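An overview of the molecular structure
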Amino acid sequence: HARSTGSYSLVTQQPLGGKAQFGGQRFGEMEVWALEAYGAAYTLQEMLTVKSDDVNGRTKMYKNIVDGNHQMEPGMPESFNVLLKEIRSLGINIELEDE
Amino acid sequence: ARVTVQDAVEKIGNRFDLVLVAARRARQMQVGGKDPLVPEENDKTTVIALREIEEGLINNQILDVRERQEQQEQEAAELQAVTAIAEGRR
Amino acid sequence: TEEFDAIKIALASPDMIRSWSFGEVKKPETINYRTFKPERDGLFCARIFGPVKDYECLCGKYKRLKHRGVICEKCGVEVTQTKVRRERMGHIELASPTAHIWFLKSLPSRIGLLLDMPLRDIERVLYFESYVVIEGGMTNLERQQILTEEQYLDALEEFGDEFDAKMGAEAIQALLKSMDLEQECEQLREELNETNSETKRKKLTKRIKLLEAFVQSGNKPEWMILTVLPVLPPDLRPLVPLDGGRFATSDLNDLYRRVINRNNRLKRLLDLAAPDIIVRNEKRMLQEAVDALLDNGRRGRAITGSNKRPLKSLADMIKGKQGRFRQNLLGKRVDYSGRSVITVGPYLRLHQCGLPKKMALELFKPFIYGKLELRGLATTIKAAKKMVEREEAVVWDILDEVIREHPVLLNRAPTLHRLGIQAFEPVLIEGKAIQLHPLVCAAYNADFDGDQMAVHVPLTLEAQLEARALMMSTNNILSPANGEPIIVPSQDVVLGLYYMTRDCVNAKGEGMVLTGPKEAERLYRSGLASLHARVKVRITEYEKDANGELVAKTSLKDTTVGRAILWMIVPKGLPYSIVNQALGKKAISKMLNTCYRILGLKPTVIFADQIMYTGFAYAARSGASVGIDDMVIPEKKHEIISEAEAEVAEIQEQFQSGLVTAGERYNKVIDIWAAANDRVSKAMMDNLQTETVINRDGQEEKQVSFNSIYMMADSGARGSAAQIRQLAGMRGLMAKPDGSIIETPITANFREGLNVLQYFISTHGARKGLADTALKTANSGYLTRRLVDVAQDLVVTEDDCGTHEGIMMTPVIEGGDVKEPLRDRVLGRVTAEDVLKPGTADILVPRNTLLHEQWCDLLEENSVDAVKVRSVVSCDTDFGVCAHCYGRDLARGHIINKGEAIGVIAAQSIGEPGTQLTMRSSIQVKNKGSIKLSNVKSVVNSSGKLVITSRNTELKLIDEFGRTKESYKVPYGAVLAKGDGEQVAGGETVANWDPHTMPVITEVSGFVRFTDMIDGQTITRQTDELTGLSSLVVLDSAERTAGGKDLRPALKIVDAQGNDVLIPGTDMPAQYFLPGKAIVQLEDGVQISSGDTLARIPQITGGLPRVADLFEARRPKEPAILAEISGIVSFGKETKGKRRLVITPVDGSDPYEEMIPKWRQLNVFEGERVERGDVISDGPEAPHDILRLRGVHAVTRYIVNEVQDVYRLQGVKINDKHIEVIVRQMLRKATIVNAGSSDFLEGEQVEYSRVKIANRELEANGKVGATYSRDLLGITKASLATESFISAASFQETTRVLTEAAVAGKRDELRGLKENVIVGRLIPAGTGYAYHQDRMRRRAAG
DNA sequence: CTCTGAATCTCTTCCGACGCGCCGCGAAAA
RNA sequence: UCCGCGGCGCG
Ligand SMILES: [Mg+2]
Ligand SMILES: [Zn+2]
Ligand SMILES: [Zn+2]
């Protein structure tokens, strides 16, 4: 099976899982530590920000690749925003600092 | 073809600064349309970006001095254009 | 873009949480069904959470982008993007103020500690079963007492409105509004100074730290109760459409609708002014409903739906493996990925992997589109999709073009070690399976059993560069756990090499002399000479000179023609002598390592590839195969089994005659069967290993046999001695699941037919092993996850720290042998001091120098015994370690580079072997050497022998070079047969002791007079039954009378006339107490000699749990007690169930007292003096005791010794550094004894780095520094103690971590790697480190 | 003979790899 | 159609 680009889960904008729904593979925490050991921080950031979560970043990246430019455009993962909202629902003030 | 990069790592010393400097060189290669300082033999931009490091003609210091001379030469060209415009207006 | 510095957490005040909301929600409805539209005031209200479609009004009045930011007059819905449905949060106001579940119930109850109330009465109050009182006027009853209903009534009639009492929910906040924390903190401080009890001070200290955290943080405690509850934006809780217009409800919606129902009902109920019973029941129902909404299931039975499922709450969505953190934030599913089954690709090179064409097309489709646009063939992306779907022939050519140098990351689930992800430069193959290079199959731990693995492609130029530089399989050929090479030929290649180098005494074309390996190739490929022919050939070899020049030499030497063929592929620098042998897996490993250490990386890569090819080729030409006739059965087997049958038969008859016991017969039957097994195994190996051959002269000769199985096992290619032993000989004497040997041997071999009962016995071990192997993975993974999450913070930052403390290193000796040489244990470390030549003050090795191979060779030549090296446990760097203390980097041979995350590497290197683990009287000198005695105070008896009067005495065997090789413990009071420094030979006894008896000794000679000798109060008169000899038995403290309880029977040494005999060197007379239950045969007033004795005193864990406990610092069930202060030991006043041990310090002013349970056999005599940390009793020692007594260095030596012992027993190699670094992360926290000039409070626990830098700045100001102790926190606790609260929340125990952080207003600086990877910015390690060094330079500058 | 502190017992909480694949099936709510 | 829960196997 091979996914490339396709549908996204509505809740967290992450790609689906499962071949039947044409979903991508899962880059679990084991692989996160694997990259962590080697270093390769740029590859990990690319993974997390563009290929998985940041809608704006992945869109800009897609345009870049179509144009032949291969420059990273980092962005805040939407899953983290989800977490921020969920904690904010608990009755807890959580916010970014030095904004 | 490039089977291993250990020679380039020796040239730069630390692998991380190597990859950063090579990334900068390749990025200015791909989008800036610059010139390859070594015969490319139809290789991709990334590998020739490593090869110029392998030659040793380029590192962080030379990259910095080249970028700095480029930018101040652009500044001087802009100043010359402004001077020519002022002379035409005067 | 936002470049936020940090994350702050604080309590949600009602006013600000009101500001957060875009408004309230009134009705418990979601959408209309006639038109799928939200209700006017429901949980999806367009007025509240925004439009249902991008830039479209709810009523459709405005439908053009020019209307941006316009709130429709007709319907009132703002026109904007639908994205705001993810942002804007709702709110609900509660008719009654309602508290939070977390702060109410999460132990310890924060509100409870805020007050002095116990948690039980306040919780029963908050559910409205009792009142709380606010005082006014002069009743007997004060404020803050719990008052039930009828007491409230009689107080109401007695006192009226003079006093206030209330039902729970509002009363809690009302009281919370009624204290000033400053007066509270000062009064508790003066109470702390006043109090003496330790438990009381514990309670008041926790209370004061909590309330001072409130004061400092600025959050108001009354905010703990909620008057407004925010509603999560609808987009995060979608109502999933179903077939036919139906919907599936997200769990949050049901709970929210329940809360809305209860709140509206309570509002309308209060509006009607109904009696208090109805409103109180309704409001307690609302309380429980909101409790379920927040943290459903924490208290009582969780509310459940029609599907009898326990409904998910907000809290449940964060905690757990399925929660947001573990499932989503880490391990986000990625695009551009594929997965497929693997297939051996032999024709591949080392670094290129075969990829199915279809997968390549799908993965690189963005690039295909890009290049198609570049060449102009496709005018639009629609066209590109067409032709890429139409698989036009140009598309394949473009595909070859794009992948020309674009590496792909390749992973096999599950990743166990950093070698589990590698990057390859792909090639295209037909089919639907990924071809893999055979070598790396060992590294991936793949076995080609239909196992699947996945592929990802980097996108940025940066990521491609990381892949080609770092992750390329051509690099990282050395494992980080230990320097041993990972790419090791095995199985077929080993078989081919071994078959190629083997010789046969008679072969075609032997004896002929051949000019060179080229003509050897000609000869064999012409079939004129067999591979095993021994001939003489001319060869040439080269070696690096002092300048590295390859000076050449050549000559004629004997060689098997196969080995001559091998010499082609060797690199130009290898010496020939290495190849000249019967190549095996160990030899080949040494060979490749040799060429790696001598020549460059490219020669080694090329050599590995060529050896791969040649091994496969000549194994193919070998045709080595296994036949049924190969497992030849020795004829002696029938005889040996016959003999054993007789031996067991006669033994059984002897047992039936009553001559021997059942257990004795069992043991000797086991022994004779084991002997028979040894005999037959030896005979079978002897028969197999050798074959009879014919020479040139026809004479009989012998050679190593060419039987297939023998060569398969000998070469090490997928085999060993045990399996071949089981193939044709005895199978052995394995055990039942309980571990008992069945006493009935498994007779036949596998070539023979195992009988039914035999085989069914054989299956028990197999089932046990399979079950254990299956079940171990869970614990192994868990242990890895904990270790990683503890060690994730460390990263090498500074080049060096100006410190000179270090770790003493000495080869480990147990049982009389060296378990690990000093060469291994110190290779790759950095010198802590100037190594001195033995016996001289001359500097041998300078300080701060790396221990590479040449230096270790020099050290070995000088035969140095012990050396001090820097360790990460001693590093002084704050928030990091220096490069030198971590020493050499294993994977690259050179010193470690700044930015390498050593912590994660070490954690994974511990974890990877975790799979391999398994969880379910006299001393002889072994070698010639010199006897050494240490930690000894000894005497010479009248017999001329030696007796030891000291504990922890150790006996060493030391060579003439000064290097110890044997080490043993010396029991107290033992008999020693050799003097110090005496030379001894192997197999020689030197000391003796009675294992099951604890004797007493007398260094002086004199008449022993017995004191405190009273029958029934200290002793009793007895006569030995078997001998009739008179004896005195010392009674126990309770066995004796009450009056004699504290009387101490004791021997006294006097002269012939009774004058006191004094202890040598002291004025104290010699008196030896008599312990309880002791027996003495001699009588009062009997002369004894010097060094004379008279006393009669009587005398496991599975691997993976063992390492888990050692790293977690489990308190052992039976801990050994250690002395606290050095002094003379004594027994205090007798106690109940325990003995009162007392130490009177030699010069200290305060004696020390301990309760020790009476059943414990104390090792030390009462009449003894102990040193700091002396061992009082046997048993394992808790590491905390080691830490507080013997200092950090003892602990870090102990932990590494034990863990390395476990792995060494398992045989897995791993460098001591990886244990050391974990232990360093274990010692994070530290407590304070005296604050000095610091602002800290005595008894508080803080970061070791924080207290260290505080002391540094204090002494830099000349002020008094803090006196501290370092506490050993377990890995879980130490993980929960990190300054960054995000990492702890991600780890485990999420509710408590979040609650504590919120209550304390902690500021998280996203320092660690895990927190940064959560946020999504580049991690501060490796390639990212430089960027952060570009950031912290300028953010401080800015 | 009584009171307080210290220590144990009793209860409550947390948590046991991970990646898929396959299969089926929701409702006193509309 | 994309939601959730339970069972089964593979590695
Ligand atoms: Mg397998
Ligand atoms: Zn409208
Ligand atoms: Zn250091």
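Residues numbered from 1 in each chain as written, not as in the entry; some residues may be left out. Chains lettered and ligands numbered in written order. Part of a larger assembly, values for the part shown. Heavy atoms only, no water.

If you check the header, you'll see the entry was determined by cryo-EM and the resolution is listed as 4.0 Å.

1. Section: the overall build of chain A
Of the regular secondary structure elements, chain A holds four helices and one strand. For chain A, the succession of helices and strands along the chain, N to C, is α-α-α-α-β. The dimensions of chain A, computed from C-alpha atoms along their principal axes, are 45 × 35 × 30 Å. Taken across its 99 residues, chain A has 66% of its residues classed as buried. (Helix = DSSP H or I, 4+ residues; strand = E, 2+ residues; numbered from the N terminus. Buried < 20%, exposed > 50% of the residue type's maximum accessible area, 1.4 Å probe, protein only.)

2. Some details on the coordination of the zinc ion (ligand 2)
Residue and element names in this part refer to chain C. For the zinc ion (ligand 2), every protein donor is listed as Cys57 (SG), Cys59 (SG), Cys72 (SG) and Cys75 (SG), and the spread of their distances is 2.1 to 2.3 Å. For the zinc ion (ligand 2), the four donor atoms are set out with angles of 92 to 122 degrees between them, so the coordination reads as tetrahedral. In primary sequence terms, the donor set of the zinc ion (ligand 2) follows C-x1-C-x12-C-x2-C. Here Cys57, found in the loop between α2 (46–49) and β2 (90–99), pairs with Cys72, found in the loop between α2 and β2; they are 15 residues apart in sequence, far enough to count as distant. (Donors = N, O, S within 2.8 Å, 3.2 Å for Na, K, Ca; no water. Tetrahedral: all angles 85-135°; square planar, octahedral: opposite > 155°, others 65-115°.)

3. A short note on the interface of chain B and chain C
Counting from both sides, the interface comprises 21 residues of chain B and, opposite them, 27 residues of chain C. Across the chain B/chain C interface, buried area totals approximately 2300 Å², and carbon plus sulfur atoms make up 62% of it. It is B:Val3, B:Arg15 and B:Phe16 that lose the most area in chain B upon contact with chain C, and together they represent 29% of the buried surface on that side. B:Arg27 is paired through a salt bridge with C:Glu462; the nearest N and O atoms lie 3.1 Å apart. At the boundary of chain B and chain C, one finds four residue pairs in polar contact. (Contact = heavy atoms within 4.5 Å. Buried area = accessible area lost by both parts, 1.4 Å probe. Salt bridge = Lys/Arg side-chain N within 4 Å of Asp/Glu carboxyl O. Polar contact = N/O pair within 3.5 Å; in protein donor to acceptor, adjacent residues only side chain to side chain.)

4. A look at the protein's contact with RNA strand E
In the vicinity of RNA strand E, the contacting residues are A:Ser7, A:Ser9, C:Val240, C:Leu242, C:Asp243, C:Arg309, C:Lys312, C:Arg412, C:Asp447, C:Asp449 and C:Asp451. Backbone atoms, meaning sugar and phosphate, form 94% of the atoms of RNA strand E found within 4 Å of the protein. Here a phosphate oxygen of RNA strand E and a backbone polar atom of C:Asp243 are 3.2 Å apart. Between C:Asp449 and RNA strand E, the recorded distance is 3.1 Å, taken from a side-chain N or O atom to a sugar or linking oxygen. Within the surface near RNA strand E, the residues separate by chemical class into two nonpolar, two polar and seven charged. (Near = heavy atom within 4 Å. Nonpolar A, V, L, I, M, F, W, Y, C, P; charged D, E, K, R; others polar.)

5. Regarding the interface of chain C and chain A
Counting from both sides, the interface comprises 96 residues of chain C and, opposite them, 70 residues of chain A. Run the count over chain C and chain A and you get six salt bridges. The salt bridge partner of A:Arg3 is C:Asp335, with a shortest N-O separation of 2.6 Å. Joining chain C to chain A, the criterion identifies 32 residue pairs in polar contact. Of the residues belonging to the side of chain C that touches chain A, the class tally is 56 nonpolar, 18 polar and 22 charged. Sheet topology places strand β1 (residues 92–96) of chain A next to strand β1 (residues 7–11) of chain C; five bridges connect them, and they run antiparallel. Bridge pairing links A:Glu95 to C:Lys8 in β1(C). (Pairing = 2+ DSSP bridges.)

6. Let's talk about the sheet that holds strand β52 (residues 1245–1247) of chain C
All names here are of chain C. If you trace the three strands from one edge of the open sheet to the other, you get β52-β51-β53, paired in antiparallel fashion. What marks the edges here is a single partner per strand, and that holds for β52 and β53 (1267–1270). Each strand of the sheet is rotated relative to its neighbour by a mean of 45 degrees, with strand direction disregarded. Relative to β53, strand β51 (residues 1229–1234) runs antiparallel, the two sharing four bridges. (Axes fitted to C-alpha atoms, helices over the stretch in contact; angles between N-to-C directions.)

7. Some words on the pattern of salt bridges
Applying the stated criterion across every chain yields a total of 79 salt bridges over all chains. Measuring nitrogen to oxygen at the nearest pair gives 3.2 Å for the salt bridge that ties C:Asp116 to C:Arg207. Remark: C:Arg207 occurs in helix α9 (residues 198–217) and C:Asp116 occurs in the loop between α4 (110–114) and α5 (119–126); sequence separation between them is 91 residues. By relative accessible area, C:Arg207 is classed as buried at 7%. Close ionic contact of C:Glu401 with C:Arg404 constitutes a salt bridge, the shortest N to O distance being 4.0 Å. Through salt bridges with shared partners, a single network forms among A:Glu97, A:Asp98, C:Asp5 and C:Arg1307.

8. Some words on empty space enclosed by the protein
Residue and element names in this part refer to chain C. Put simply, the largest cavity is a space of about 130 Å³. Lining the largest cavity are 15 residues, with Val1000, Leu1074, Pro1075, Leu1094 and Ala1095 positioned closest to its centre. Contributing elements (two or more residues each) for the lining of the largest cavity: β43 (1071–1073) and β44 (1079–1080). (1 Å grid on protein atoms, 1.4 Å probe; cavity = no way out; pocket = protein on both sides within 12 Å on 5 of 7 lines; lining within 4 Å. Points joined across faces, edges and corners; volume = space filled by probe spheres on them.)

9. Comments concerning the side chain of C:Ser1031
Residue and element names in this part refer to chain C. Mapped onto the elements of the fold, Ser1031 is located in strand β41 (residues 1030–1034). At 3.1 Å, the side chain of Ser1031 and the side chain of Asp1024 are in polar contact. Aside from chain neighbours lying at most four places away, what touches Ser1031 is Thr1020, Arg1021, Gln1022, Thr1023, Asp1024, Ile1079, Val1080, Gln1081 and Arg1096.

10. As for the sheet that holds strand β54 (residues 1307–1308) of chain C
On the basis of which strands lie adjacent, the open sheet formed by three strands has the order β1(A)-β1(C)-β54(C) and antiparallel pairing. Since the sheet does not close on itself, it has two edges, and those belong to β1 of chain A together with β54 of chain C, each with one partner. In this fold helix α38 (residues 1294–1304) of chain C packs onto β1 of chain A together with β1 of chain C, with an angle of close to 85 degrees to the strand it touches most, β1(C).

11. Points about the protein's contact with DNA strand D
Lining the immediate surroundings of DNA strand D are 27 residues, of which A:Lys19, A:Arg26, C:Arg326, C:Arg333 and C:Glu1293 lie closest. The protein-proximal atoms of DNA strand D, defined as those within 4 Å of the protein, are 87% sugar or phosphate. C:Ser197 has a polar side-chain atom sitting 3.2 Å from a phosphate oxygen of DNA strand D. Only α9, α27 (756–791) and α38 of chain C provide two or more residues apiece to the surface near DNA strand D. Split into classes, the residues belonging to the surface near DNA strand D amount to four nonpolar, ten polar and 13 charged.

12. Structural notes on the pairing of strand β19 (residues 690–694) of chain C
All names here are of chain C. Inspection of the sheet shows β19 paired to strand β20 (residues 700–704) by five bridges, in the antiparallel sense. The residue bridging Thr690 from the neighbouring strand is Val704, located in β20. The turn joining β19 and β20, which pair antiparallel and follow one another in sequence, is formed by five residues; a positive phi near 80 degrees is taken by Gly698.

13. Here's the deal with the nonpolar core
In terms of nonpolar packing, the biggest core is built from 179 residues, with C:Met224, C:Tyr256, C:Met471 and C:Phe1111 touching the most fellow members. Top element by residues in this core is helix α33 (residues 1183–1210) of chain C. It accounts for nine residues. Not counting residues within four places of it along the chain, the set of residues in contact with C:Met471 comprises A:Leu35, A:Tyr38, A:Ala40, A:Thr43, C:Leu409, C:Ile421, C:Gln422, C:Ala423 and C:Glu466. Residues C:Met359, C:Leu363, C:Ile368 and C:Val457 belong to the second largest nonpolar core, which totals 43 residues. (Core = buried A, V, L, I, M, F, W, Y, C linked by side-chain atoms within 4.5 Å.)

14. A closer look at the UniProt feature "binding site: Mg(2+)" in chain C
Residue and element names in this part refer to chain C. Per the UniProt annotation, the sites labelled "binding site: Mg(2+)" are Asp447, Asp449 and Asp451. Secondary-structure assignment places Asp447 in the loop between β14 (434–436) and β15 (452–456). The exposure class of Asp447 is partly exposed, given its relative accessible area of 47%. Looking at the element boundaries, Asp449 is found in the loop between β14 and β15. You can call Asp449 exposed: its relative accessible area is 52%. (UniProt positions renumbered as here; feature names shortened; annotations may be inferred.)

15. Concerning the environment of C:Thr139
Residues and elements named next belong to chain C. Looking at the secondary structure, you find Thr139 in the loop between β3 (131–134) and β4 (146–147). For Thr139, a relative accessible area of 17% translates into the label buried. A sequence separation of 72 residues divides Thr139 from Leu211, and the C-alpha atoms of the two residues are 30 Å apart. At 2.6 Å, the side chain of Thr139 and the backbone oxygen of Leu141 are in polar contact.

16. Observations concerning the packing of helix α2 (residues 41–53) of chain A against helix α17 (residues 461–471) of chain C
When two helices pack together, their arrangement is captured by the angle between the axes and the distance separating the axes. Where α2(A) contacts α17(C), the axes come no closer than 8 Å and their chain directions differ by 135 degrees. Relative to α17(C), the element α2(A) is oriented oblique. Regarding α2(A) and α17(C), the two cross each other, and that crossing is left-handed. Of the residues in α17(C), those touching α2(A) at A:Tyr42, A:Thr43 and A:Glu46 are C:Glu462, C:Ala463, C:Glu466 and C:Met471. Across the contact of α2(A) with α17(C), the residue classes tally to three nonpolar, one polar and three charged. (Parallel < 35°, antiparallel > 145°, perpendicular 65-115°, else oblique. Left-handed = near helix turned anticlockwise from the far one by under 90°.)

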